[PDB]
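S.K.: This structure is in structure tokens; I'll ask about it shortly.
Each answer follows from the model by the rule given with it, or from the source it names; none is laboratory data. Because the Cβ atoms are built from the backbone with ideal geometry, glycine has one as well, and the counts that use them run over all protein chains shown.
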There are 2 protein chains.
Amino acid sequence: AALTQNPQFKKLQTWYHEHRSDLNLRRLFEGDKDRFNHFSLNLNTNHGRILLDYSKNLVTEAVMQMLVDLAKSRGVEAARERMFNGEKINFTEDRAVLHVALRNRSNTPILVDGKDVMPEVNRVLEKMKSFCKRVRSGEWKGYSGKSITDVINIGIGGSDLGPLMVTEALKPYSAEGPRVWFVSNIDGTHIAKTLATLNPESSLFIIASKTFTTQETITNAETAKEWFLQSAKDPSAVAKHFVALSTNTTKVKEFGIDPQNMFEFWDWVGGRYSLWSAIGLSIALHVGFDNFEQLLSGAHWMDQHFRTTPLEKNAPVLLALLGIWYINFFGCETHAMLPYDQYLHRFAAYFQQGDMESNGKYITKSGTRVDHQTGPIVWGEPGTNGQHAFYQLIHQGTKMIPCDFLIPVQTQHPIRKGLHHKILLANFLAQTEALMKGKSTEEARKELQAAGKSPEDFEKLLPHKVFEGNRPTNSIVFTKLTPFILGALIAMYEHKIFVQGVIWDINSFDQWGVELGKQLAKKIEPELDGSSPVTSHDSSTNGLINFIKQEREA
Amino acid sequence: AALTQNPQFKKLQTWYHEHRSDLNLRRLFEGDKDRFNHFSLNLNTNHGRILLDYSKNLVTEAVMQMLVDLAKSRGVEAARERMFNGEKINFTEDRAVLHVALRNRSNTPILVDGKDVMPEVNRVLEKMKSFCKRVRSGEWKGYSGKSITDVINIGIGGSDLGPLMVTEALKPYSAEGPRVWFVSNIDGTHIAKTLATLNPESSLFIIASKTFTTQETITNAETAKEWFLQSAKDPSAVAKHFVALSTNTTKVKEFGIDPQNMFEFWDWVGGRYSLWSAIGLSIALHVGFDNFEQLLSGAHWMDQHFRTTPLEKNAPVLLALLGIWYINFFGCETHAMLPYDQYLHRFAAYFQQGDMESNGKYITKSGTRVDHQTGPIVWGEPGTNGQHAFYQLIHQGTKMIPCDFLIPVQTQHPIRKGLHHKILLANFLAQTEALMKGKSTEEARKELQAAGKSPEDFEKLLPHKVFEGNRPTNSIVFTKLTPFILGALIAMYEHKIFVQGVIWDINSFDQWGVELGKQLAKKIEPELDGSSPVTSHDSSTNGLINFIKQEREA
């Protein structure tokens, strides 16, 4: 019962059940003339600014205060220190959760079982630094004596989304770098379409697997290895073409990679929190190590803000709390992330793993089942595209959907005297104004009247033209999307998800839920082999397997 | 009250409220030994097959029968005929809804205000046919006498998602075609990154805008025009480089496109239903007109199945009904679409516009507000990636999420003796088996015991290892993903969404909800111009605008 047994939690339920009607945005903006000023946060990293405007939420000062009391009372401050100090807060796996050590630029000693982890972090980083410089300069040559023109990452999940989202987002900083490719799906299409344009002489394969036993990754890695070896024919040619990002040295070695080509990381680095480690090799390689270092520093900035700022004015804490409000009180299943930035088109997708794999849990620290909601379904596409696809439902559908709107004030392509970004900004501001204010029958009526129509004509059309409004949103507006700020953005959401799991009392850092599917896939594999029918399962799985064998021959 | 006033609807509520506990999948599979056979649909298009297996749903025969009775009683059969006969079922705009005429390969006369629309459909199609043949053969030359190597589509929403999703999906059929690019966001990045690799001599721009007044599309189209004219310098060079896909001739002409270069379509072609019209020019151009014709034919096949098959065995109807069950009875906000196919990676996104823009409505045919849920939030990523990102929440989160699993039995890249697809299939089957069966405390306990652990060790770990299961899914398995089948797939979901809006009594074919945002963006635009602060809005919009002016100079 943890959450629901909490006195501040219970106090919130009663207020909510009592004031819900009092929560109208339009009216809330009449009441407080500087609502904006009281519900916004200006952070200055000294490398640009981030405005967190949370004023368009169904919230009051009283609510915010009660939300902060819940966070204190549930041990957010202390949980937080346990994380930074290297304690084993991943309680089911008995692990430390230290993505924060990866970008610990100050090199404060962080101990895990007495041992400072930092000398190992800084070491792989220098290895990274020298390897990037060699590959980028052309010093690193391939087997026929050529320079690398193409970097190909092989990994799935955390070994995939981070790299890709970041390289897609930091595109402008990549001119002096080799091209990157990301092969992730076991679907043979993924590898086949990539390989069919590459030249093995100028290609570098990165096998990013924390365990180095993930089925799809290892079989994509073998397929590539076979493709390469048809050209190279000399097995030692593999050492100039393949590198590994893992924790398991023995497995790396058994795959044939030169131990000198292994960049390692640690069990305390979670997959969906790993872009900051050796897993980001493809980012640095593409955009330069210097920019990678800057990405890590932005995250270091946000780390420091998270750890030392009081909750009432703590960006990640505020975001976590607003989410709990909509999830455990208003009942909302989802949360949209809508970056008005084309380079950020994989952002939302990145947080689907980041939020959902972390917080889609139902067991408590006590081993008790939750009797309340946990993580939302996170989704979204970049604006303004989204506007022309699914906003109709956000404005006039039957569900409440809290949304995060994000945008840089300065664009990397100020074309046509900055006309494009101007229209982009104008739509970013108006969508939230419109989700807020809506439009009553009267306003629409007055418009139809003006458009010169006549009440008998428009009588049937009018209601379809009404917007109820009162829909909540956050607006996060930062100076420019550079590696520094992008680092601060990501780390902000990381701590958001963290605060949430603490209030919920779950484990944000394991993922036991992945297991059953993998167990069952292992038994189905050999069964697919003959043309003989299967009967060892439920009638559905059998029926499918059997239609498959019949059709494969068709 | 329409839906909720329906006697069969009310009968369902009581049964539901009464038998919910009886709805356990595991047990339902013990009871009926050929549940599979009674809850599956084998369609044979004669160009491959589509298995619709709906057996892993919380449903019984009784429920299905009551669901079918609801569809009949709410006029699904008749609504359907009104659509095919050209009636004005888009009741708020007073339009006919005829995406089905676009792919009416039999050329049955379909009348709109007495006039057969088919001679106009077939005409633009032949124009399409000849233009594709000229551009593909190299006969069509650019201003410096060169062949086209690059086709660039400019449009947003429906003028964008369809083309892109289909070209991404039919990639293998595109070798003899020019490359395609899709510029959609007003964000200047989108155009700038595309243009910076193109050669204006071998580039063809397509301006796809139904109204030809969409802000972002027209401003991207001007920017491209400016880029081109810096090289060409002769305004008449525009006629060999720009084509338009619109309804508004006058607007096309006022933009400077040669009327001979205009491919038109009709007001009765909805944006999110337009890939079948002249809007698919970029598909045919890339994959050949013959394959486009095949895509249209597959949709024609499904059209015929939809119209003439009795509801109890009608694919789109069955899919619609299962969705209404989860939405209006179980309460689920969403619906995941999980194609286990890398080429289908934009599929889900395509249906976000397709489902959500159509059915995110709240006003009835009577102008009454709905007092029940409408369209779900549709989302998803292709498997197996999804597995390594958000499945943890589907298996062990606190929300029920109906999922559609899709896959071809035959892959276009049977590499390594079809090992890759084999693993892909095995995961496709096991995920649904696992969402179904789960794993009790006892099973997990027995496993931990076996892994040689000891009850005092594992006592705290055990519950995290339990899967409750009982989670519903559909499995749609088709022979191979060709243009024909892809056409049948898309048309199937189109009619799914259609059946739903009818049962809900809403309008699936307008989108009034897009308007307010556009109205408000129009006023914010000029305000962003000076360095002078704005005060004409709520404190939030003002605060944002003002932070923007301060930062843009920073």
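S.K.: Residues in segment A:491-512: is at least one closer than 30 Å to A:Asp53 by Cα and at the interface with chain B (Cβ under 8 Å from one of its Cβ atoms)?
M.R.: Yes.
S.K.: Only residues that are within 8 Å of chain A (Cβ to nearest Cβ) and either more than 14 Å from B:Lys496 (Cα to Cα) or in contact (Cβ under 8 Å) with a residue 24 or more places away in the chain (or both): list them for segment B:347-357, please.
M.R.: Residues satisfying the conditions are B:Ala349, B:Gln352, B:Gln353, B:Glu357.
S.K.: Considering only residues that are among the β-branched types (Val, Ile, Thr) and crowded, with 24+ Cβ neighbours inside 10 Å, look in segment A:384-400 and name the one that is farthest from B:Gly375 (Cα to Cα).
M.R.: In this case the residue turns out to be A:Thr384.
S.K.: B:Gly288 versus (1) in contact (Cβ under 8 Å) with a residue 60 or more places away in the chain; (2) buried (at least 21 other Cβ atoms within 10 Å of the Cβ); (3) within 20 Å of the chain's Cα centre (by Cα): which is the lone unmet condition?
M.R.: (3)
S.K.: Condition first: away from chain A (no Cβ under 12 Å) and touching a strand residue (DSSP E or B) at 6+ places or on another chain (Cβ under 7 Å). Now tell me which residues in segment B:180-207 satisfy that.
M.R.: B:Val180, B:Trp181, B:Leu198, B:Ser202, B:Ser203, B:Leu204, B:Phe205, B:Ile206, B:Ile207
S.K.: Okay, next question. Please specify each residue of segment B:9-44 satisfying the condition of being over 31 Å from the mean Cα position of the chain (by Cα), within 13 Å of chain A (Cβ to nearest Cβ) and exposed (fewer than 12 other Cβ atoms within 10 Å of the Cβ).
M.R.: Answer for segment B:9-44, where residues must be over 31 Å from the mean Cα position of the chain (by Cα), within 13 Å of chain A (Cβ to nearest Cβ) and exposed (fewer than 12 other Cβ atoms within 10 Å of the Cβ): B:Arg27, B:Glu30, B:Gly31, B:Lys33, B:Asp34.
S.K.: Quick check: anything in segment A:428-445 among the hydroxyl-bearing types (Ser, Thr, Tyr), touching a strand residue (DSSP E or B) at 6+ places or on another chain (Cβ under 8 Å) and in contact (Cβ under 8 Å) with a residue 60 or more places away in the chain?
M.R.: There is at least one residue in segment A:428-445 that is among the hydroxyl-bearing types (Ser, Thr, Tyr), touching a strand residue (DSSP E or B) at 6+ places or on another chain (Cβ under 8 Å) and in contact (Cβ under 8 Å) with a residue 60 or more places away in the chain.
S.K.: While we're on this one: Do we find a residue being surrounded by fewer than 24 Cβ atoms within 10 Å (Cβ to Cβ), among the small types (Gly, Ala, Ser), closer than 28 Å to A:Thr4 by Cα and away from chain B (no Cβ under 14 Å) anywhere in segment A:292-315?
M.R.: Looking through segment A:292-315, at least one residue is surrounded by fewer than 24 Cβ atoms within 10 Å (Cβ to Cβ), among the small types (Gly, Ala, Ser), closer than 28 Å to A:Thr4 by Cα and away from chain B (no Cβ under 14 Å).
S.K.: Count, please, the residues in segment B:401-416 that happen to be surrounded by 21 or more Cβ atoms within 10 Å (Cβ to Cβ) and free of Cβ contacts under 8 Å to residues at least 12 places away in the same chain.
M.R.: Selection size over segment B:401-416: 0.
S.K.: Yes or no: segment B:490-503 includes at least one residue that is in contact with a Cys (Cβ under 9 Å, 6 or more places away or on another chain) and either more than 30 Å from A:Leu28 (Cα to Cα) or not β-branched (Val, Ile, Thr) (or both).
M.R.: No, segment B:490-503 contains no residue that is in contact with a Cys (Cβ under 9 Å, 6 or more places away or on another chain) and either more than 30 Å from A:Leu28 (Cα to Cα) or not β-branched (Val, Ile, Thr) (or both).
S.K.: Here are B:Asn42, B:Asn46: which of them is in a loop (DSSP other than H, G, I, E, B) and among the polar types (S, T, N, Q)?
M.R.: Step by step, each of B:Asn42, B:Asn46 is checked, and only B:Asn46 is in a loop (DSSP other than H, G, I, E, B) and among the polar types (S, T, N, Q).
S.K.: Right, next: Looking only at segment B:112-151, count how many residues are over 27 Å from B:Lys88 (Cα atoms) and free of Cβ contacts under 8 Å to residues at least 60 places away in the same chain.
M.R.: 13
S.K.: Among A:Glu77, A:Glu93, which is the only one that is assigned by CATH to the domain that holds A:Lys313, assigned to a loop (DSSP other than H, G, I, E, B) and among the acidic types (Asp, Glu)?
M.R.: Checking each option against the conditions leaves just A:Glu93.
S.K.: Go through segment A:316-348 and count every residue that is surrounded by 23 or more Cβ atoms within 10 Å (Cβ to Cβ), over 16 Å from A:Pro402 (Cα atoms) and under 13 Å from the mean Cα position of the chain (by Cα).
M.R.: Total meeting the criteria: 2.
S.K.: Right, something else. Just to be sure, is A:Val100 β-branched (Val, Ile, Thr), touching an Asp or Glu at 6+ places or on another chain (Cβ under 6 Å) and closer than 18 Å to A:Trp276 by Cα?
M.R.: For A:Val100, the condition - β-branched (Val, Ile, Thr), touching an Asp or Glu at 6+ places or on another chain (Cβ under 6 Å) and closer than 18 Å to A:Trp276 by Cα - is met.
S.K.: Taking interchain pairs and intrachain pairs at least six residues apart, which have beta carbon atoms under 8 angstrom, with the first residue in segment B:519-538 and under 10 Å from A:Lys422 (Cα atoms) and assigned by CATH to the domain that holds B:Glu551 and the second surrounded by 12 or more Cβ atoms within 10 Å (Cβ to Cβ) and among the small types (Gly, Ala, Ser)?
M.R.: Between residues of segment B:519-538 that are under 10 Å from A:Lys422 (Cα atoms) and assigned by CATH to the domain that holds B:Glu551 and residues that are surrounded by 12 or more Cβ atoms within 10 Å (Cβ to Cβ) and among the small types (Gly, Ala, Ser), the close pairs are B:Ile524/A:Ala426; B:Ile524/A:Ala430; B:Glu525/A:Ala426; B:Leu528/A:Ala426.
S.K.: For segment A:392-478, list the helices (runs of 4 or more DSSP H) that sit wholly inside it and hold at least 3 residues that are facing another protein chain (nearest Cβ under 9 Å); which are they?
M.R.: The helices (runs of 4 or more DSSP H) meeting that bar are A:415-437.
S.K.: Inside segment A:144-165, can you point out the residues that are among the hydrophobic types (A, V, I, L, M, F, W, C) and either within 11 Å of another protein chain (Cβ to nearest Cβ) or touching a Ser or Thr at 6+ places or on another chain (Cβ under 9 Å) (or both)?
M.R.: Of everything in segment A:144-165, those that are among the hydrophobic types (A, V, I, L, M, F, W, C) and either within 11 Å of another protein chain (Cβ to nearest Cβ) or touching a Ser or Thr at 6+ places or on another chain (Cβ under 9 Å) (or both) turn out to be A:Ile148, A:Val151, A:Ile152, A:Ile154, A:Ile156, A:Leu161, A:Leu164.
S.K.: If you scan segment B:527-542, which residues turn out to be within 9 Å of another protein chain (Cβ to nearest Cβ) and exposed (fewer than 13 other Cβ atoms within 10 Å of the Cβ)?
M.R.: Hit for segment B:527-542 is B:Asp529, nothing else.
S.K.: Something else now. Output the qualifying pairs, or none if there are none: Cβ atoms under 6 angstrom, residues six or more apart or on different chains, first residue in segment A:197-217 and closer than 18 Å to B:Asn385 by Cβ, second residue of a type in the set (A, V, I, L, M) and in a loop (DSSP other than H, G, I, E, B).
M.R.: Matching pairs, first to second residue: A:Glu216/A:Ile156; A:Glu216/A:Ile186; A:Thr217/A:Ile156.
S.K.: Got a number for residues in segment B:358-391 being more than 17 Å from A:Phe351 (Cβ to Cβ) and more than 7 Å from chain A (Cβ to nearest Cβ)?
M.R.: Within segment B:358-391, residues that are more than 17 Å from A:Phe351 (Cβ to Cβ) and more than 7 Å from chain A (Cβ to nearest Cβ) number 12.
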